[PDB]
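Accompanying notes for the structure given below.
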Amino acid sequence: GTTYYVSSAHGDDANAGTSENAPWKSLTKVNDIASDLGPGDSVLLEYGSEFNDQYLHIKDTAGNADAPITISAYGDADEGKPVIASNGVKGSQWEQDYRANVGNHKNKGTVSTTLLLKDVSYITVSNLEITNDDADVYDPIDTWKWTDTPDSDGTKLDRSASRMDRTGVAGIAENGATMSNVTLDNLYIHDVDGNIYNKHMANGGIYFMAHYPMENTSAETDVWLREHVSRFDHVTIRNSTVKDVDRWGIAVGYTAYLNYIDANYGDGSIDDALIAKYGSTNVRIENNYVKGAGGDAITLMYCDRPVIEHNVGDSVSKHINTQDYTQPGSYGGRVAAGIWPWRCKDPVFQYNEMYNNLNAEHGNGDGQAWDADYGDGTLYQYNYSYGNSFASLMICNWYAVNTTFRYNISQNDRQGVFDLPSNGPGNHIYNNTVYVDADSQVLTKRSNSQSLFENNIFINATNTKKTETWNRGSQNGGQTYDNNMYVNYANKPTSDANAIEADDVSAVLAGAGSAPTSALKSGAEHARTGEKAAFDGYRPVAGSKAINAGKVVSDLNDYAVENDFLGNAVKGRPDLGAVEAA
Ligand code: NA
Numbered sequence: 046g047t048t049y050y051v052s053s054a055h056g057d058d059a060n061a062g063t064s065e066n067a068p069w070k071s072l073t074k075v076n077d078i079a080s081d082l083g084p085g086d087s088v089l090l091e092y093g094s095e096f097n098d099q100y101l102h103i104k105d106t107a108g109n110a111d112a113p114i115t116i117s118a119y120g121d122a123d124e125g126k127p128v129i130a131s132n133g134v135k136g137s138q139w140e141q142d143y144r145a146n147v148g149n150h151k152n153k154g155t156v157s158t159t160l161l162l163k164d165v166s167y168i169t170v171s172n173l174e175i176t177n178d179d180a181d182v183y184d185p186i187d188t189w190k191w192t193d194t195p196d197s198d199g200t201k202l203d204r205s206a207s208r209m210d211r212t213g214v215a216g217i218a219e220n221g222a223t224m225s226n227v228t229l230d231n232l233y234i235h236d237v238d239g240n241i242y243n244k245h246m247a248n249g250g251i252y253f254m255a256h257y258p259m260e261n262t263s264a265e266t267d268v269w270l271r272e273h274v275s276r277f278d279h280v281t282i283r284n285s286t287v288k289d290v291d292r293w294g295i296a297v298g299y300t301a302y303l304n305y306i307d308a309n310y311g312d313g314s315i316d317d318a319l320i321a322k323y324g325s326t327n328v329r330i331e332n333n334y335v336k337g338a339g340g341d342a343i344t345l346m347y348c349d350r351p352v353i354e355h356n357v358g359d360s361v362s363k364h365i366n367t368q369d370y371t372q373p374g375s376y377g378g379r380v381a382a383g384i385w386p387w388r389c390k391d392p393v394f395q396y397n398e399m400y401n402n403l404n405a406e407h408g409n410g411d412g413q414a415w416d417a418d419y420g421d422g423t424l425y426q427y428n429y430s431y432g433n434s435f436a437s438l439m440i441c442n443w444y445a446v447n448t449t450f451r452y453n454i455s456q457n458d459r460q461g462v463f464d465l466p467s468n469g470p471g472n473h474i475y476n477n478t479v480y481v482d483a484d485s486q487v488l489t490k491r492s493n494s495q496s497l498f499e500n501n502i503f504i505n506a507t508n509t510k511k512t513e514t515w516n517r518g519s520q521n522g523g524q525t526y527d528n529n530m531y532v533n534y535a536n537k538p539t540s541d542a543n544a545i546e547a548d549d550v551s552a553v554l555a556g557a558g559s560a561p562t563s564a565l566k567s568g569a570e571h572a573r574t575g576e577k578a579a580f581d582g583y584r585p586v587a588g589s590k591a592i593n594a595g596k597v598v599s600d601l602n603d604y605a606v607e608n609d610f611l612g613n614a615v616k617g618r619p620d621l622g623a624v625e626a627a
């Protein structure tokens, strides 16, 4: 149960380093001891401290389950969280190598990381503040606007394809072993000036990823690698803010072992034992705020039943445009969505908010709040989206299958609400409420494939009775509708024989269009009940035609109906849309 103290301002590196009286000055000292830590051991940084040009790497060690390694703060809360700032320095730089093709991507190279956790299990990092700033780079999200001239705003970017990859925090498994019980709590990562382009290097706010311990060159490497898997388990990332980072905000689970997970795409189903063995289990991503990532907000990759809840994404895809994403090379990737999964099995995304995913007008080929990408059994529920530049939800191409999307609310998402380009079968879209403004419509123009629409409230938030295109394409049977409400439309889907039609949204819900237009300044999520309840406009009014109008639903993907958008138990015959009448 040893416990180190690092100050700076009060510290001195000649000191013993143990006890509050005798703190170390720098993190150089922590790094010399870092590999020997230490179940029950800790390293407390002093609130107020500023470790400029420093970093904290921890390689090849662990806690046990009775006593994890800490790394946290000490002293007066009110002095502000201790800063670790690596400023890209030589010491923070390491050679990253997946040791395998991981698709059309940089898989290998130099990386600056401020807080590196390489095969460290039973560790918990908390109450820190992490930067990886470059003074040459500055384009803050708080004052970002699109201008006719690049870097007009007193701003400046490094648009080089070969820009050094930078991370705030990286967790790396590359021993052929599990890395487990890693917890990140109440961190404030920002100004990680990474590579604008690279998706699968440790490049952005937080990134967890796994490598083969060696290149797969023979019969005998391939027997071993099949059994000995760098993977994650019980990774928890909560109460943190990531802000002004390139590329990814928060990404977890990309792995060289996709060479076995993706060997046979088949019909897009994903075997339970495959994803359990080669993928990351018990990943949880809770109560985070992500703002002004260059690319995607939060993304789970190759994860087995992860839980993504109470997070707020906001104004991401900042550099996915034609004036910033100028060197895509043969890698491409001028696309980003909000909060979503890649080749996961039955991920649950619930009670999230996603706002203002940017730049679909300016070269972001996606720009959606939610994206059930390739993967199987994705569940998006009780989420709110506002103001995304391209759709609320995409279901992406052949191997995006068995999606459920329910009890979500979409408000002023632009250029289509649902984006269904060549997606696989098994998708179910029910009890959602969508407010569709003149800048949008129900489906994206490029939509062409499967979804079953039931119990939804579609709201034409324009000043005429709109004649909507309810159907595009027929790939995998295209779009079928049953038991939905259409508000203020001239037409309905020809496939719906249980249509409920309403003339005027004011007799259907208390105040449609009135949910927030912005994240809370703190980045915490909006209240749904009590004095600050931000969603009461989407409640059905007395005599609403949405009361007891929905069919009992049978979820295509075996997820039992539990509650509504506001935590209320769904009774017998459900109400239409996302919110039951009280
Ligand atoms: Na900067």
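Under the entry's author numbering, the letters of the sequence shown match residues 46 to 627, in that order.
Heads up, the beta-carbon is just placed ideally off N, CA and C, and yes, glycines get one too.
The C-beta distance from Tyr92 to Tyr119 rounds to 7 Å, short enough to fall under 8 Å. For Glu272, the enclosing alpha helix (DSSP H) covers residues 264–272. In this structure, ligand 1 has a non-hydrogen atom nearer than 8 Å to the beta-carbon of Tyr183. Rounded to whole angstroms, the gap between the alpha carbons of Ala542 and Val352 is 36 Å.
For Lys490, the number of other beta carbons within 10 angstroms of its own is below 16, and it is reported as exposed. Between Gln460 and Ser485 the beta-carbon gap is near 6 Å, inside 8 Å, which marks them as a contact. Bridge pairing for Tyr431: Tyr400, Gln456 [DSSP].
With at least 16 other beta carbons inside 10 angstroms of its own, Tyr347 counts as buried. The beta carbon of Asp184 lies closer than 6 Å to those of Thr200, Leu202 in the same chain, with the five residues before and after it left out. DSSP places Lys596 in the coil class of the three-state scheme, outside both helix and strand. In the DSSP annotation of this structure, the continuous segment of the beta strand (DSSP E) that includes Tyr299 starts and ends at 293–300. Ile474 is bridged by DSSP to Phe450, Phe498. Spatial neighbours of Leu161 in its own chain (CB-CB distance under 6 Å, excluding positions within 5 residues in sequence) are listed in chain order as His102, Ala215. Rounded to whole angstroms, the separation of the alpha carbons of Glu499 and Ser563 is 29 Å. Between ligand 1 and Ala180, a heavy atom-to-CB distance of less than 8 Å is present. Secondary structure note for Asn226: its beta strand (DSSP E) is the uninterrupted segment 223–230. Below 8 Å, enough C-beta pairs join the region 277–297 and the region 239–254 to call them touching: three or more. In this structure, ligand 1 has no non-hydrogen atom nearer than 8 Å to the beta-carbon of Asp198.
Excluding the 5 residues flanking it on each side, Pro538 has same chain C-beta neighbours closer than 7 Å at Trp515, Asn516, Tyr526, in chain order.
In this structure, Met439 lies away from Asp421, with their beta-carbon atoms at least 9 Å apart. In terms of Cβ geometry, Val328 and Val297 form a close pair [threshold 9 Å]. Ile234 sits close to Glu174, with the two beta carbons spaced by under 9 Å. Spatial neighbours of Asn608 in its own chain (CB-CB distance under 8 Å, excluding positions within 5 residues in sequence) are listed in chain order as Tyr427, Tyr452, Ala614, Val615. In the structure shown, the three-state DSSP call for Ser137 is helix.
Counting only residues of its own chain and dropping the five nearest sequence neighbours on each side, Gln456 has a CB closer than 6 Å to the CB of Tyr431, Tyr480, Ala560.
In the three-state DSSP reduction, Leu345 falls in the strand class (E or B).
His256 counts as buried, since no fewer than 16 other beta carbons sit within 10 angstroms of its beta carbon.
Nearest Cα to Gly523 within the set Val156, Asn309, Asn468: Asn468.
Going by DSSP, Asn97 is part of the beta strand (DSSP E) stretching over 95–97. Secondary structure note for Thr73: its alpha helix (DSSP H) is the uninterrupted segment 73–78. Cβ neighbours of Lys596 within its own chain (closer than 6 Å, five residues either side excluded): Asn528. Here the distance from the Cβ of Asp98 to the nearest heavy atom of ligand 1 is not below 8 Å. If you draw a 10 Å sphere on the C-beta of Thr423, you find 16 or more other C-beta atoms in it, and that means buried. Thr509 is classed as exposed because its beta carbon has fewer than 16 other beta carbons within 10 Å across all chains shown. Note: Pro585 is bridge-paired with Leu554 in the DSSP secondary-structure output.
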